[PDB]
Structure formats: C-alpha cells, structure tokens
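> Starting from these lines, generate the structure:
(2 chains)
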Amino acid sequence: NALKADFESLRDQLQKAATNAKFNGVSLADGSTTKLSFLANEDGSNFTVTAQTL
Amino acid sequence: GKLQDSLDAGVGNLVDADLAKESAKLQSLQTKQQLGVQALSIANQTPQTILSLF
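Numbers count the residues shown, from 1 in each chain, chains lettered A, B, ... in the order given. Okay, here it is:
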C-alpha cells in the first residue's frame, strides 16, 4: 500500500507538472491543442510545430 | 524553480534588444548626421552667389 501511494502521488505530480507548463497561455505539452504554427515567411507560411502531449 | 527561470528566459527572448545591430546603427547614424549638417551648410550657401549677379 505504501508503494501504491507513492505511485498515486507521482502520477498526480505528473499531471501537475504537465498542465502548468505553458508559455503565454498555450502549451506544447498538456495536449490541449494539436499544433502551433509560427511565422516563417513574409508571405505568412507557418512553421508548424506539432504538439506532443505529455 | 524550473518553470520560473524558464519563463524568464522566454520573456527575455521577446523583449531584449539586439545590442550589436544597435551599436552598428548607432555609429552609422552618427556618421550620417555630420554629413547632413554639411549638406545643410552647403544648401544655405547656394543662394549666396546671387549677389555676384548685381
């Protein structure tokens, strides 16, 4: 039971670390969105950055 | 402690000035300004020769 409680605590801390790590109201780790698309050209073609949910 | 200085670096990428280009442009504009003052003095001297006509 002690090892199980350690597993529960680490599993909850994993979500607490994943959800809170976000820059300027958006994140590439929490999985709230599939991708972010930053500018690459004067034309406006985006540099896609696929999100990788953690 | 990771997230705090990570966000500090993230705002630093956005707000901080590019000092090298700023120095280059600073001495560039300073050398341009004296030539602008010389062009000002020459433009003031251009009308002066009308007196020779009379």
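
> and residue B:34, what helix or strand is that in?
helix B:19-45 (DSSP states H and E).

> same thing with residue B:8?
Applying DSSP H and E, one finds residue B:8 within helix B:2-15.

> who in chain B is up against chain A?
Residues of chain B lying close to chain A (CB under 8 Å from any CB of the partner chain) are B:3, B:7, B:10. The C-beta positions use only the backbone N, C-alpha and C, and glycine is treated the same way.

> Put together JSON lines for those residues, with distance to residue B:35 and neighbour count on each row.
As requested, the residues of chain B next to chain A are exported to JSON lines (distance: CB to CB, whole Å; neighbours: other CB atoms under 10 Å in any protein chain shown):
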{"residue": "B:3", "distance to residue B:35": "51", "neighbour count": "12"}
{"residue": "B:7", "distance to residue B:35": "46", "neighbour count": "14"}
{"residue": "B:10", "distance to residue B:35": "42", "neighbour count": "12"}
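
> The residue nearest to the spatial centre of chain B and chain A, how far apart?
Chain B has residue B:29 as the residue nearest its centroid, 3.4 Å off, counting by CA atoms, centre = their mean. Noted for residue B:29: a distance of 26 Å to chain A, by CB to the nearest CB, to the nearest Å.
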